[PDB]
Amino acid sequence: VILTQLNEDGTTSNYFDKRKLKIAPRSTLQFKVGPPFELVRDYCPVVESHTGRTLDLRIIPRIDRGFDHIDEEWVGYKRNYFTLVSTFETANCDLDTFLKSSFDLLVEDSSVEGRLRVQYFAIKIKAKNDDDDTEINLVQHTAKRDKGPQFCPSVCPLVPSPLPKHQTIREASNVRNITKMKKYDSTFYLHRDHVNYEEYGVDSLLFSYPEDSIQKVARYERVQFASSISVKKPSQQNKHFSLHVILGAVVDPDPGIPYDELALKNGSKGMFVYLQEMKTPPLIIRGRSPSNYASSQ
């Protein structure tokens, strides 16, 4: 009934079928590692503005709630939350140096004056129909759920960091207590206002981030597929979905390559230029039908 896999940090993922077994909403059994991500592609190269060193980048994503590995399929439920977290890394490039440096997008080689300055790096997530690439709406809630606002996942400015262990994501999922919040603060945030400003040049990457509080980890919790999504094909076969994580550089718009428009802080129209994208294997999503639940048995 429950199939158990050991996670990297020594916790367990316990996969079960909600058609057959009902477990309490707050049981630690609802936390589990979801499907592994795979590279879709790399997009625009990034170089350091002084040395010309190519910045090697890697997205490091994980799903920590909402998906079970059942009979060689990954299965989620329309009605329930999932959690998707991600960081990125810059191999052989330490954070302290990275933040003092500045970076350009190489849109065209052999054009030293043909480079856009990166203001900051950021992640976004998307859901798609894995068979035809059509995008599917995601919705997020606060902990208050219906007694609070609903919103679409947003673009998250981030600095490179190791991805926290599964247990750490669990532990930080519903922290209100001030003392405990402080314990986790250095894991999830870089507070630019707390650095020694004298160590930084005006053009440094750190000081082109939009806000003083900068995330180290993109944490998308309490996410759902929109309640209007059709989860079956007309043939009654299951639709296959995929979750995508995209790392981008935000630049000033002042374009033959992939990008999305972004509403900037100063009001103008930023550009989120794609750098790398990863995706999950195909996902099945079970709808609200009573037959998807053990109560029907």
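C-alpha atoms forming the largest set that superposes within 1.5 Å between two forms make up the rigid core. Residue indices: 1-based, along the sequence shown.
Trainee: Using the rigid core for superposition, please say which stretch has the greater CA deviation in 6 other deposited structures of this protein, 91-99 or 154-162.
Mentor: Checking 91-99 against 154-162 in 6 other deposited structures of this protein, I find the farther stretch is 91-99.
Trainee: Quick check on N177: across the other compared entries (only those modelling residues on both sides), is it unmodelled in a third or more?
Mentor: Per the records, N177 is modelled in all the other entries.
Trainee: Please confirm whether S110, modelled here, goes without coordinates in at least one third of the other compared entries that cover both its neighbours.
Mentor: Yes, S110 lacks coordinates in at least a third of the other compared entries that model both of its neighbours.
Trainee: Count, per the entry, the deposited residues between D254 and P255 that are not modelled, and return the matching class: none, 1 to 3, 4 to 9, or 10 or more.
Mentor: The entry leaves 4 to 9 residues without coordinates here.
Trainee: Averaging the C-alpha B factors as listed in the entry, name the stretch that ends up higher: 162-170 or 101-109.
Mentor: The stretch with the larger average C-alpha B-factor is 101-109.
Trainee: Once you work out the mean C-alpha B-factor for both 258-266 and 64-72 from the entry, which is higher?
Mentor: The entry gives the higher C-alpha B-factor average to 258-266.
Trainee: Going by the deposited entry, which of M271, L57, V40, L29 has the highest CA temperature factor?
Mentor: Of the options given, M271 has the highest CA B-factor in the PDB entry.
Trainee: Highest Cα temperature factor in the entry, among the options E89, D212, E135, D146: which one is it?
Mentor: If I rank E89, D212, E135, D146 by C-alpha B-factor, first place goes to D146.
Trainee: Please rank the C-alpha B-factors of the chain's modelled residues and tell me whether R219 sits in the lowest, middle or highest third.
Mentor: Its C-alpha B-factor, which the entry lists for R219, ranks in the middle third among residues of this chain.
Trainee: Rank-wise, by C-alpha B-factor, drop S289 into the lowest, middle or highest third of its chain.
Mentor: Tercile = highest for this residue's CA B-factor.
Trainee: Among the modelled residues of this chain, does the Cα B factor of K182 put it in the lowest, middle or highest third?
Mentor: Highest third, going by the recorded CA B-factors of the chain.
Trainee: Using the B-factors in the PDB entry, rank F225's C-alpha atom against the chain and give the third, lowest, middle or highest.
Mentor: It falls in the middle third of the chain.
Trainee: Sorting the chain's modelled residues by C-alpha B-factor, tell me whether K279 ends up in the lowest, middle or highest third.
Mentor: Tercile = lowest for this residue's CA B-factor.
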